[PDB]
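Asker: Structure provided below as structure tokens; questions to follow.
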Amino acid sequence: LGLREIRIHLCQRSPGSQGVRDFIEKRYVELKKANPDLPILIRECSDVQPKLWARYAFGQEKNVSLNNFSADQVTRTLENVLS
Amino acid sequence: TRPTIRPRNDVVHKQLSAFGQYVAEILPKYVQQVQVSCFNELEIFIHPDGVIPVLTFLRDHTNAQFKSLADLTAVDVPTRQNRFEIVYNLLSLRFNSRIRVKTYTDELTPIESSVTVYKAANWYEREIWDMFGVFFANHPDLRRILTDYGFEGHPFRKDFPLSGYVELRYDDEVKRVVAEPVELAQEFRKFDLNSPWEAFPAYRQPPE
Amino acid sequence: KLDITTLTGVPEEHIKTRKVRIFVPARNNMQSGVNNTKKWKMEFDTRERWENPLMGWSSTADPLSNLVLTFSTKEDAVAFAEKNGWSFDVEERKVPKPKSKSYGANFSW
Amino acid sequence: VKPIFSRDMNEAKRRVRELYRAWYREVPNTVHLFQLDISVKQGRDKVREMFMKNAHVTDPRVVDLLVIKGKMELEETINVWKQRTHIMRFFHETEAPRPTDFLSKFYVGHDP
Amino acid sequence: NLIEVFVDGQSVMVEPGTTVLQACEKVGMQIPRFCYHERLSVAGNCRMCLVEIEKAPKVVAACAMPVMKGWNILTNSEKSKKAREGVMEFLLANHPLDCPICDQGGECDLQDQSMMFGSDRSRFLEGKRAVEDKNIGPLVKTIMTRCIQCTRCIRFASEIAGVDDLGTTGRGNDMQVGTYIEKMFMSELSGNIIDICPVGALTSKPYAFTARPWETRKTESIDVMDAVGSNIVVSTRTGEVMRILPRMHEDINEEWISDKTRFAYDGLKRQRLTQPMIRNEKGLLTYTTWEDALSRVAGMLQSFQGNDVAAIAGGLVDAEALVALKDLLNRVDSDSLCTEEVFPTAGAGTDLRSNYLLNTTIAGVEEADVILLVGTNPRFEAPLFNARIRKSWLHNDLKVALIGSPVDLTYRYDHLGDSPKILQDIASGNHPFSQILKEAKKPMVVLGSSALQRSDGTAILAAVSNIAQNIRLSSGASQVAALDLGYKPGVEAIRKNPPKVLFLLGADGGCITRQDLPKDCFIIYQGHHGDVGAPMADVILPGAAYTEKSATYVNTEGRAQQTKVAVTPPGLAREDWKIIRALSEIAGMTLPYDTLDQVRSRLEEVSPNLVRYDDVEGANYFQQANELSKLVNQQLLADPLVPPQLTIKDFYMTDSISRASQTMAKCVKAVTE
Amino acid sequence: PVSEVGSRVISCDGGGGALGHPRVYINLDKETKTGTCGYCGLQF
Amino acid sequence: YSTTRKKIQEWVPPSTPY
Ligand code: SF4
Ligand code: SF4
Ligand code: FES
């Protein structure tokens with residue numbers, strides 16, 4: 001179970017964010033109910049490109065950049081998220 | 001309103017005013033403005049390229065037989081598109097009166113030397129060169145004075161610490177005086193005397 | 001990007017490992033005055049200052065702690081430090097919001 | 001916009017090379033006349049280093065201005081202006097060593 | 001719709017009404033003043049503000065008459081000037097020749113007004129009145145005699161501190177702003193008057209005589225005694241802090257400051273870490289080289305890579321230290337992100353950020369039409385906020401309610417009952433109060449941090465949120481920073497005993513229990529006082545106070561502004577994080593950053609919302625979604641809910657620095673005796 | 001050293017006419033009083 | 001010589017064990 005944490009960044013106004021903004025109002029609670037385990041930090045950071053981050057015990061980190069992706073795609077990399 | 005305050009003559013203010021107008025019309029390819037400081041000191045401006053031609057005529061008669069530079073001051077100011085601000089006093093003898101032309105300059109643009117026009121300005125070119133960055137073109141020999149040899153950074157740059165970045169001290173192991181960073185004791189205590197409440201309604205810039 | 005670092009004799013240390021801190025100074029609050037508040041200035045960061053073993057004086061190492069410079073506009077200040085190739089920390093002018101006042105509102109009821 | 005000297009880079013680089021020729025050839029005379037006991041090589045190397053100090057400047061006018069400030073020094077050593085102290089000054093030889101390693105600095109002082 | 005009005009010459013489209021003073025303030029020309037003060041109240045005394053109407057023969061007080069109808073006003077008119085000289089001679093007719101000794105001497109407004117306007121010759125030629133002192137408390141040094149009856153301070157007390165103990169007394173000369181009766185005036189905003197007092201009639205005893213205004217450098221930064229994050233101007237006479245003053249800022253302190261913070265610095269001077277101290281074989285603390293110590297523990301903590309090791313922050317520390325320690329904890333395989341407050345984390349308020357946020361700006365508090373206090377009494381944790389709500393309390397007739405305590409806030413407010421009772425009842429609209437909460441515009445739900453512990457903190461949070469859900473349906477330090485970066489649980493409840501705990505400051509949580517110590521007496525202690533944590537901890541690391549560090553702190557609103565450097569660490573001590581950036585480098589797991597700015601770039605990754613120092617705003621998780629996020633838990637509750645502070649004396653001592661304070665000790669002795 | 005008598009307010013200067021501390025008015029009688037720099041208390 | 005006593009007066013670890 002290598003991942004310890006996961007995080008996500010999202011500017012509130014870039015259009016490329018909304019395909020991820022839409023991901024949060026609905027998919028999220030489903031995720032936490034599906035993810036009692038490791039932390040799933042969300043941020044309102046105004047970085048123009050929303051991002052994704054993932055801790056290990058190693059300290060190495062997933063760094064998934066995204067651009068205007070559909071929320072289902074967010075879900076896709078999210079299911080690509082594993083152990 | 002008599003015993004303390006200076007009387008300030010109207011007359012001189014008149015003559016300088018009209019004369020400022022006089023030169024203003026004679027050669028207006030470059031006289032940006034001919035402001036008269038109210039205590040009887042005329043002072044026209046100059047486009048930096050225009051230094052030689054103006055001063056040249058300034059020796060040349062019409063009335064402007066203002067021979068002898070009194071000085072070549074170099075006021076600094078960190079703001080402005082070009083910081084350094086050069087100034088030339090001048091004196092006419094037969095009509096015993098003084099004027100004061102002045103320009104402006106980039107940190108990097110080489111304005112020409114004015115040694116030929118006022119004659120006794122050779123020393124000044126060297127001065128301002130070693131007290132500032134500014135360069136004078138067509139000057140026979142800029143070089144350091146009023147400094148050490150190396151030393152490098154110009155003083156009077158309005159920034160640049162008065163304590164400088166260096167110090168000499170004699171060192172027996174090498175048996176020689178040597179440079180070394182300031183290590184200054186006591187530190188220049190720096191009072192901030194400047195105070196609230198503007199004293200001068202007669203000036204004071206618009207809030208903008 | 002008119003860098004002039006070579007022209008100034010300033011040692012690399014102090015164009016590098018320290019930062020300017022542009023701001024318009026706050027009113028001394030003991031004062032009710034406003035004059036000194038206005039106009040940008042360009043304070044540097046503090047460094048070490050110990051004590052003289054003798055007499056207890058505040059002996060000091062840094063070349064340029066006391067330096068400070070007024071300005072008329074912030075953009076001019078930032079551009080200024082840029083000409084010097086300086087690291088900077090620009091801060092907002094923070095003019096107080098205008099406020100309503102009424103001697104009679106004290107006597108509502 | 002008025003240029004100081006050379007237009008565009010490279011035209012100014014040749015100037016600086018000329019300057020290196022002048023300095024380099026002059027150096028043994030400097031060590032001789034000044035009775036400097038620096039290794040005759042060392043001055044040369046140090047010259048090359050000082051030439052590396054601004055080996056990234058890229059502005060138009062600034063470099064020629066750099067050779068203006070570069071002339072005056074050989075101008076001084078050739079006229080025996082400056083002295084043994086003044087010319088030995090460049091080697092910073094009396095200074096206590098100051099490693100740039102983070103931890104090394106870290107033990108020593110409060111640092112920036 | 002806003003009237004044209006002429007400042008002396010130029011036209012100005014001034015706001016409707018508004019005082020002549022405010023008009024010239026708008027053009028920026030500044031009228032001489034004393035008794036008037038914005039963020040206080042207008043008054044007709046001290047007629048130093050007289051100005052001449054363009055036509056009407058007699059001058060009128062500048063802060064009195066609102067401008068209207070194309071008025072012109074010659075501030076510089078000669079009759080105005082004769083008026084001002086006229087008044088100034090009167091003020092100086094009795095103020096005692098005390099300039100050299102009066103501690104206000106460097107910048108007393110009365111001096112500068114005397115210079116800019118007052119006639120220089122004296123022409124009073126009789127006898128000044130002078131009066132006996134009125135002792136008032138541990139702090140303020142009243143002298144009177146230098147008093148000029150700008151009532152000001154009373155208008156401070158009745159209208160902000162809310163106490164009306166002090167007041168004017170008597171008539172004509174002999175009238176005095178001193179309170180009748182010997183009784184001491186203690187209040188939490190008692191300190192700010194030392195700022196507000198026009199002259200030297202009231203000046204801080206602890207700072208008295210120690211320094212002069214033209215001397216001290218005036219660094220800008222922010223307070224740390226509170227997470228409220230108010231802006232300040234620290235003032236130092238060369239290599240040493242002298243006195244603190246508030247720095248005005250609209251979102252927070254606005255020209256005010258607390259009081260515990262105002263005198264907090266004094267503790268720095270006393271007991272403090274200086275050199276690393278290993279336990280000796282005898283178990284005594286003993287002074288040591290920094291190098292051997294740090295290398296010692298650097299090797300010591302490798303054996304336990306994975307879990308075991310357990311860093312413990314204090315309540316004051318320290319953004320850069322938390323990122324640095326964070327990589328300390330991820331480069332090692334497992335870790336203990338343990339704060340101190342027993343803050344509940346299941347249902348995760350952290351991941352959405354907004355639940356631990358104070359959603360409306362404190363600047364927005366005056367806009368709220370109802371406040372629902374929960375357990376904690378605001379004055380003793382967010383004093384500025386208490387000032388804010390009181391400010392609106394005068395500005396607005398808006399309701400507030402205690403849920404619940406017997407605490408003595410200055411203003412009228414509804415008192416409720418017990419936790420699960422009144423909370424879940426109003427949540428289910430059983431309470432009549434739920435109704436008024438329904439009709440209320442932009443309702444505000446104030447839940448204190450202190451309330452969350454209290455055995456079942458999560459239950460209270462669930463109950464209060466429900467109230468938030470209902471309103472929406474009807475319609476019409478060392479804390480917030482960690483949750484900005486997810487260091488939850490934060491509570492020490494993970495244990496599971498983990499060997500080799502790593503205090504950042506055990507002065508706080510070391511009072512708790514040393515239960516892991518028999519299992520492992522060893523405790524690295526990275527504090528800056530010998531208080532509490534040091535004696536029961538092997539390997540001591542000296543560390544910097546907040547004045548030195550550039551490290552940012554987060555406003556409870558989520559604003560994340562930073563303190564600036566001031567006076568450098570006292571001794572061998574370094575800035576806190578930098579010790580860690582050393583430590584990782586020793587371990588071989590050297591961290592990517594090294595400069596402060598590289599690691600500001602690491603805030604620029606791991607957050608990157610902290611690197612927006614004044615920028616509170618965010619996309620927001622929406623309260624309903626957070627409610628759904630927490631909906632899956634829900635658990636049993638209980639009635640009691642008592643705030644930690646209650647009494648002010650309890651407020652005087654919190655973090656170890658405050659107990660290192662001489663003057664705070666003098667205050668706790670003062671109120672108790 | 002011993003306090004001067006008063007009833008009540010009275011001058012102090014430190015005794016040096018344009019040589020002492022600048023003139024002030026202590027204001028006590030039966031009470032101990034003052035002062036500037038001059039210790040000239042008015043306890044009486 | 002130096003005048004005006006001391007500065008920080010830093011605290012030290014107790015003699016007693018644990
Ligand atoms: S403070 Fe009071 S006493 Fe001291 S100078 Fe200003 S006015 Fe005179
Ligand atoms: S108390 Fe402060 S404000 Fe009230 S009168 Fe005395 S000095 Fe003026
Ligand atoms: S403020 Fe206008 S009367 Fe004092």
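Chain labels A, B, ... are given in the sequence in which chains occur in the structure tokens; within each chain residues are numbered consecutively from 1, and ligands are likewise numbered from 1 in the order shown.
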Around ligand 2, out to 9 Å and counting only C-alpha atoms and all ligand atoms, which residues are there? I want them as a ChimeraX atom specification.
Answerer: /E:34-35,142-156,167-168,176-178,193-194,196-202
Asker: May I have the residues within 12 Å of ligand 1, computed using only C-alpha atoms and all ligand atoms, as a PyMOL selection string?
Answerer: (chain C and resi 30-31) or (chain E and resi 88+91-115+143-148+197-203+209+212-213) or (chain F and resi 24)
Asker: Quick one: write out the picked residues with N, CA and C atoms as a CSV table (one decimal), in the first residue's frame?
Answerer:
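Result saved to result.csv:
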chain,number,residue,atom,x,y,z
C,30,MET,N,1.6,56.2,17.2
C,30,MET,CA,1.6,57.1,18.3
C,30,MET,C,1.2,58.5,17.8
C,31,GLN,N,1.7,58.8,16.5
C,31,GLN,CA,1.3,60.0,15.8
C,31,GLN,C,-0.1,59.9,15.3
E,88,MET,N,-3.6,77.1,20.2
E,88,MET,CA,-2.4,76.4,20.6
E,88,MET,C,-1.7,77.1,21.8
E,91,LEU,N,-3.5,75.7,24.7
E,91,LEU,CA,-3.1,74.3,25.2
E,91,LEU,C,-1.8,74.3,25.9
E,92,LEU,N,-0.9,75.2,25.4
E,92,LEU,CA,0.5,75.2,26.0
E,92,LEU,C,0.5,76.1,27.3
E,93,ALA,N,-0.6,76.7,27.6
E,93,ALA,CA,-0.7,77.5,28.8
E,93,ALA,C,-0.5,76.7,30.1
E,94,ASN,N,-0.6,75.4,30.1
E,94,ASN,CA,-0.5,74.6,31.3
E,94,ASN,C,0.2,73.3,31.2
E,95,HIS,N,0.5,72.8,30.0
E,95,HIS,CA,1.2,71.6,29.8
E,95,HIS,C,2.6,71.7,30.4
E,96,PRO,N,2.9,71.0,31.4
E,96,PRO,CA,4.2,71.1,32.1
E,96,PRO,C,5.5,70.9,31.3
E,97,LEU,N,6.5,71.7,31.7
E,97,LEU,CA,7.8,71.6,31.0
E,97,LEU,C,8.4,70.3,31.3
E,98,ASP,N,7.9,69.2,30.6
E,98,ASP,CA,8.4,67.9,30.8
E,98,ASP,C,9.0,67.2,29.7
E,99,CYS,N,9.2,67.9,28.6
E,99,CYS,CA,9.6,67.3,27.4
E,99,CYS,C,10.8,66.4,27.5
E,100,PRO,N,11.9,66.9,28.2
E,100,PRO,CA,13.0,66.0,28.3
E,100,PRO,C,12.7,64.7,29.1
E,101,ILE,N,11.8,64.7,30.1
E,101,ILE,CA,11.6,63.5,30.8
E,101,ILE,C,10.4,62.7,30.4
E,102,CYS,N,9.4,63.4,29.8
E,102,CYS,CA,8.2,62.7,29.4
E,102,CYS,C,8.5,61.8,28.3
E,103,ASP,N,8.0,60.6,28.4
E,103,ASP,CA,8.4,59.5,27.6
E,103,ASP,C,7.8,59.6,26.2
E,104,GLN,N,6.9,60.5,26.0
E,104,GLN,CA,6.2,60.7,24.8
E,104,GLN,C,7.0,61.6,23.9
E,105,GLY,N,8.2,62.1,24.5
E,105,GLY,CA,8.9,63.2,23.9
E,105,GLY,C,9.3,63.2,22.5
E,106,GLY,N,9.6,62.0,22.0
E,106,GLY,CA,10.1,62.0,20.6
E,106,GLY,C,9.1,62.3,19.5
E,107,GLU,N,7.8,62.0,19.7
E,107,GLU,CA,6.9,62.2,18.7
E,107,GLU,C,5.5,62.7,19.1
E,108,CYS,N,5.5,63.2,20.3
E,108,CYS,CA,4.2,63.7,20.8
E,108,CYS,C,3.6,64.6,19.8
E,109,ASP,N,2.3,64.4,19.5
E,109,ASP,CA,1.7,65.1,18.5
E,109,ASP,C,1.6,66.6,18.9
E,110,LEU,N,1.5,66.8,20.2
E,110,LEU,CA,1.4,68.2,20.7
E,110,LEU,C,2.7,68.9,20.3
E,111,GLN,N,3.8,68.3,20.3
E,111,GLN,CA,5.0,69.0,20.0
E,111,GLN,C,5.0,69.4,18.5
E,112,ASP,N,4.7,68.5,17.6
E,112,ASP,CA,4.7,68.8,16.2
E,112,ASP,C,3.7,69.9,15.9
E,113,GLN,N,2.5,69.8,16.5
E,113,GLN,CA,1.5,70.8,16.3
E,113,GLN,C,2.0,72.1,16.8
E,114,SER,N,2.8,72.1,17.9
E,114,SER,CA,3.4,73.3,18.4
E,114,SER,C,4.4,73.9,17.4
E,115,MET,N,5.1,73.1,16.7
E,115,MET,CA,6.1,73.6,15.7
E,115,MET,C,5.4,74.1,14.5
E,143,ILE,N,0.2,60.0,34.3
E,143,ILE,CA,1.0,61.1,35.0
E,143,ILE,C,0.0,62.2,35.2
E,144,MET,N,-0.9,62.3,34.3
E,144,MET,CA,-1.8,63.5,34.2
E,144,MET,C,-1.0,64.7,34.1
E,145,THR,N,-1.5,65.8,34.6
E,145,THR,CA,-0.9,67.1,34.4
E,145,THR,C,-0.6,67.4,33.0
E,146,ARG,N,0.0,66.5,32.3
E,146,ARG,CA,0.3,66.6,30.9
E,146,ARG,C,-1.0,66.3,30.1
E,147,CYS,N,-2.1,66.0,30.9
E,147,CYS,CA,-3.4,65.8,30.3
E,147,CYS,C,-3.9,67.0,29.6
E,148,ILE,N,-4.4,66.8,28.4
E,148,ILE,CA,-5.2,67.8,27.8
E,148,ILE,C,-6.5,67.1,27.5
E,197,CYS,N,-3.3,57.5,23.5
E,197,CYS,CA,-3.2,58.7,24.3
E,197,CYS,C,-2.4,59.8,23.6
E,198,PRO,N,-3.0,61.0,23.4
E,198,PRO,CA,-2.4,62.0,22.6
E,198,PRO,C,-1.1,62.5,22.9
E,199,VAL,N,-0.8,62.5,24.2
E,199,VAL,CA,0.5,63.0,24.7
E,199,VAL,C,1.2,62.0,25.6
E,200,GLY,N,1.9,62.4,26.6
E,200,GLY,CA,2.6,61.5,27.5
E,200,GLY,C,1.8,61.3,28.8
E,201,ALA,N,0.6,61.7,28.8
E,201,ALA,CA,-0.2,61.6,30.0
E,201,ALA,C,-0.5,60.2,30.4
E,202,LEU,N,-0.4,59.3,29.4
E,202,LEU,CA,-0.6,57.9,29.6
E,202,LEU,C,0.4,57.1,28.8
E,203,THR,N,1.5,56.6,29.5
E,203,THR,CA,2.5,55.8,28.7
E,203,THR,C,2.9,54.5,29.4
E,209,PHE,N,11.0,54.9,29.8
E,209,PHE,CA,12.4,55.4,30.0
E,209,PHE,C,13.4,54.7,29.2
E,212,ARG,N,14.0,56.1,23.2
E,212,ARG,CA,13.5,57.3,22.6
E,212,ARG,C,13.2,57.1,21.1
E,213,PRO,N,12.1,57.7,20.6
E,213,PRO,CA,11.5,57.4,19.3
E,213,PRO,C,12.4,57.5,18.1
F,24,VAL,N,9.0,73.7,37.4
F,24,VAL,CA,7.9,72.9,37.4
F,24,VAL,C,7.1,73.1,38.6
Asker: Quick check for you: according to DSSP on this backbone, which residues of chain C are classed as helix (DSSP H, G or I)? Reply as a PyMOL selection string.
Answerer: chain C and resi 13-16+35-37+74-83+104-107
Asker: Any chance you could export the current selection's N, CA, C and O atoms as an mmCIF file, in the first residue's frame?
Answerer:
data_model
loop_
_atom_site.group_PDB
_atom_site.id
_atom_site.type_symbol
_atom_site.label_atom_id
_atom_site.label_comp_id
_atom_site.auth_asym_id
_atom_site.auth_seq_id
_atom_site.Cartn_x
_atom_site.Cartn_y
_atom_site.Cartn_z
ATOM 1 N N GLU C 13 27.752 39.002 -3.032
ATOM 2 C CA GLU C 13 27.011 38.489 -1.900
ATOM 3 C C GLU C 13 25.753 39.292 -1.662
ATOM 4 O O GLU C 13 24.736 38.757 -1.255
ATOM 5 N N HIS C 14 25.812 40.580 -1.948
ATOM 6 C CA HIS C 14 24.765 41.462 -1.474
ATOM 7 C C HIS C 14 23.873 41.938 -2.601
ATOM 8 O O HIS C 14 22.958 42.735 -2.397
ATOM 9 N N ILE C 15 24.147 41.443 -3.799
ATOM 10 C CA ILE C 15 23.163 41.508 -4.861
ATOM 11 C C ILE C 15 22.470 40.151 -4.918
ATOM 12 O O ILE C 15 21.400 40.003 -5.512
ATOM 13 N N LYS C 16 23.087 39.165 -4.275
ATOM 14 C CA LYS C 16 22.509 37.828 -4.208
ATOM 15 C C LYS C 16 21.787 37.566 -2.897
ATOM 16 O O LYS C 16 20.594 37.830 -2.769
ATOM 17 N N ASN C 35 1.952 62.671 7.054
ATOM 18 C CA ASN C 35 2.935 63.103 6.068
ATOM 19 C C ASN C 35 3.962 62.047 5.702
ATOM 20 O O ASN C 35 4.175 61.767 4.529
ATOM 21 N N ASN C 36 4.591 61.451 6.698
ATOM 22 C CA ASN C 36 5.688 60.546 6.426
ATOM 23 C C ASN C 36 5.209 59.248 5.802
ATOM 24 O O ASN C 36 6.004 58.485 5.261
ATOM 25 N N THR C 37 3.909 59.000 5.884
ATOM 26 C CA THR C 37 3.348 57.750 5.394
ATOM 27 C C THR C 37 3.591 57.537 3.916
ATOM 28 O O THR C 37 4.008 56.464 3.511
ATOM 29 N N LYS C 74 5.529 53.074 -7.409
ATOM 30 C CA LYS C 74 5.958 51.703 -7.173
ATOM 31 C C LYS C 74 6.591 51.026 -8.374
ATOM 32 O O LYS C 74 7.571 50.294 -8.239
ATOM 33 N N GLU C 75 6.031 51.278 -9.549
ATOM 34 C CA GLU C 75 6.510 50.640 -10.767
ATOM 35 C C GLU C 75 7.936 51.069 -11.018
ATOM 36 O O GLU C 75 8.779 50.292 -11.470
ATOM 37 N N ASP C 76 8.189 52.323 -10.674
ATOM 38 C CA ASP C 76 9.484 52.933 -10.826
ATOM 39 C C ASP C 76 10.458 52.269 -9.878
ATOM 40 O O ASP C 76 11.636 52.121 -10.181
ATOM 41 N N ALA C 77 9.942 51.851 -8.728
ATOM 42 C CA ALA C 77 10.768 51.231 -7.709
ATOM 43 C C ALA C 77 11.157 49.826 -8.114
ATOM 44 O O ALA C 77 12.319 49.422 -7.989
ATOM 45 N N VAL C 78 10.177 49.083 -8.611
ATOM 46 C CA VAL C 78 10.418 47.707 -9.001
ATOM 47 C C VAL C 78 11.391 47.714 -10.158
ATOM 48 O O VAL C 78 12.373 46.972 -10.168
ATOM 49 N N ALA C 79 11.130 48.601 -11.112
ATOM 50 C CA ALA C 79 11.981 48.718 -12.279
ATOM 51 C C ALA C 79 13.363 49.143 -11.839
ATOM 52 O O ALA C 79 14.371 48.739 -12.420
ATOM 53 N N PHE C 80 13.397 49.939 -10.780
ATOM 54 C CA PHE C 80 14.652 50.424 -10.263
ATOM 55 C C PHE C 80 15.492 49.244 -9.827
ATOM 56 O O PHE C 80 16.624 49.076 -10.275
ATOM 57 N N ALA C 81 14.921 48.407 -8.971
ATOM 58 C CA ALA C 81 15.676 47.281 -8.444
ATOM 59 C C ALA C 81 16.019 46.307 -9.546
ATOM 60 O O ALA C 81 17.033 45.615 -9.477
ATOM 61 N N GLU C 82 15.163 46.246 -10.557
ATOM 62 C CA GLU C 82 15.434 45.386 -11.697
ATOM 63 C C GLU C 82 16.660 45.856 -12.462
ATOM 64 O O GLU C 82 17.453 45.045 -12.939
ATOM 65 N N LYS C 83 16.826 47.170 -12.551
ATOM 66 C CA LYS C 83 17.989 47.726 -13.218
ATOM 67 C C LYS C 83 19.229 47.319 -12.452
ATOM 68 O O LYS C 83 20.301 47.137 -13.019
ATOM 69 N N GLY C 104 -24.343 63.337 15.369
ATOM 70 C CA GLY C 104 -25.710 63.105 15.801
ATOM 71 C C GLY C 104 -26.130 61.651 15.905
ATOM 72 O O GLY C 104 -27.141 61.340 16.527
ATOM 73 N N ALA C 105 -25.347 60.754 15.315
ATOM 74 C CA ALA C 105 -25.646 59.329 15.379
ATOM 75 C C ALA C 105 -25.391 58.845 16.791
ATOM 76 O O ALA C 105 -25.800 57.756 17.182
ATOM 77 N N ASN C 106 -24.686 59.674 17.545
ATOM 78 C CA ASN C 106 -24.395 59.418 18.941
ATOM 79 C C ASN C 106 -25.630 59.657 19.786
ATOM 80 O O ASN C 106 -25.673 59.316 20.967
ATOM 81 N N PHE C 107 -26.633 60.261 19.166
ATOM 82 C CA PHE C 107 -27.819 60.690 19.879
ATOM 83 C C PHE C 107 -29.074 60.110 19.248
ATOM 84 O O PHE C 107 -30.119 60.758 19.213
#
Asker: Write as JSON, numbers by chain the residues around ligand 3, taking 8 Å as the cut-off and counting only C-alpha atoms and all ligand atoms.
Answerer: {"E": [33, 34, 35, 36, 37, 42, 43, 44, 45, 46, 47, 48, 49, 50, 61, 62, 63, 64, 150]}
Asker: Write out as a compact mmCIF listing (two decimals) with N, CA and C atoms, in the first residue's frame all residues of chain A that DSSP puts in strand (DSSP E or B) for this structure's backbone.
Answerer:
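Contents of the output file selection.txt:
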# COMPACT_ATOMS: atom_id res chain seq x y z
N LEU A 3 1.00 4.34 -1.59
CA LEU A 3 0.55 5.71 -1.45
C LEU A 3 0.18 6.00 0.00
N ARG A 4 0.59 7.16 0.49
CA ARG A 4 0.24 7.58 1.84
C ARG A 4 -0.76 8.72 1.77
N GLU A 5 -0.66 9.51 0.71
CA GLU A 5 -1.47 10.71 0.57
C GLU A 5 -1.72 11.02 -0.89
N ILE A 6 -2.73 11.84 -1.15
CA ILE A 6 -2.99 12.35 -2.48
C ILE A 6 -3.61 13.74 -2.37
N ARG A 7 -3.33 14.59 -3.34
CA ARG A 7 -3.69 16.00 -3.27
C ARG A 7 -4.08 16.47 -4.66
N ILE A 8 -4.81 17.57 -4.74
CA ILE A 8 -5.24 18.06 -6.03
C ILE A 8 -5.38 19.57 -5.99
N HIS A 9 -4.99 20.23 -7.07
CA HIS A 9 -5.01 21.68 -7.11
C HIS A 9 -5.92 22.15 -8.22
N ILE A 40 -6.97 12.89 1.06
CA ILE A 40 -7.27 13.30 -0.31
C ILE A 40 -7.47 14.82 -0.33
N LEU A 41 -6.39 15.54 -0.10
CA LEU A 41 -6.45 16.99 0.03
C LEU A 41 -6.88 17.68 -1.26
N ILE A 42 -7.77 18.66 -1.11
CA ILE A 42 -8.19 19.47 -2.24
C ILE A 42 -7.80 20.91 -1.98
N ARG A 43 -7.34 21.62 -3.01
CA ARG A 43 -6.99 23.02 -2.83
C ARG A 43 -7.60 23.92 -3.88
N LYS A 51 -3.70 20.56 -10.79
CA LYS A 51 -2.75 19.45 -10.73
C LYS A 51 -3.16 18.34 -9.79
N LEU A 52 -2.26 17.37 -9.68
CA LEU A 52 -2.48 16.19 -8.85
C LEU A 52 -1.17 15.74 -8.24
N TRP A 53 -1.22 15.31 -6.99
CA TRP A 53 0.00 14.98 -6.27
C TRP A 53 -0.22 13.71 -5.48
N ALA A 54 0.82 12.90 -5.32
CA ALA A 54 0.65 11.65 -4.59
C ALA A 54 1.89 11.21 -3.84
N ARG A 55 1.77 11.13 -2.51
CA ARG A 55 2.87 10.74 -1.64
C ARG A 55 3.16 9.26 -1.64
N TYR A 56 4.41 8.92 -1.33
CA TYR A 56 4.79 7.55 -1.03
C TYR A 56 5.50 7.54 0.31
N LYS A 62 3.72 11.47 -7.22
CA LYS A 62 3.03 11.61 -8.50
C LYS A 62 2.63 13.06 -8.67
N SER A 65 -0.10 16.59 -14.08
CA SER A 65 -0.62 17.80 -14.68
C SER A 65 -1.86 17.46 -15.48
Asker: Mind giving me the straight-line distance from CA of residue 480 (chain E) to CA of residue 611 (chain E) in Å, one decimal?
Answerer: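 Taking CA of residue 480 (chain E) as the start and CA of residue 611 (chain E) as the end point, the length is 14.6 Å.
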Asker: Find the spatial neighbours of region 387-391 of chain E, counting only C-alpha atoms, within a cut-off of 9 Å - ignore same-chain residues fewer than 3 positions away - and output them as an MDAnalysis selection string.
Answerer: chainID E and resid 159:162 189 252:253 362:363 365:366 371 379 382:384 394:396 410:411
Asker: Do a neighbour search on residue 16 (chain G) at 9 Å with only C-alpha atoms, toss out local chain neighbours closer than 3 positions, and write the hits as a list in words.
Answerer: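 Contacts, with the query itself left out: residues 282, 283, 284, 285 and 535 of chain E; 13 of chain G.
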Asker: Compute the chain G side of the contact with chain C at 12 Å, counting only C-alpha atoms, and hand it back as a ChimeraX atom specification.
Answerer: /G:1-7
Asker: Extract, using only C-alpha atoms, all DNA, RNA and protein residues at most 10 Å from region 17-21 of chain D, discarding same-chain residues fewer than 4 positions from it, and format them as a list in words.
Answerer: residues 12, 13, 25, 26, 44, 47, 48, 51, 67, 70, 71 and 74 of chain D
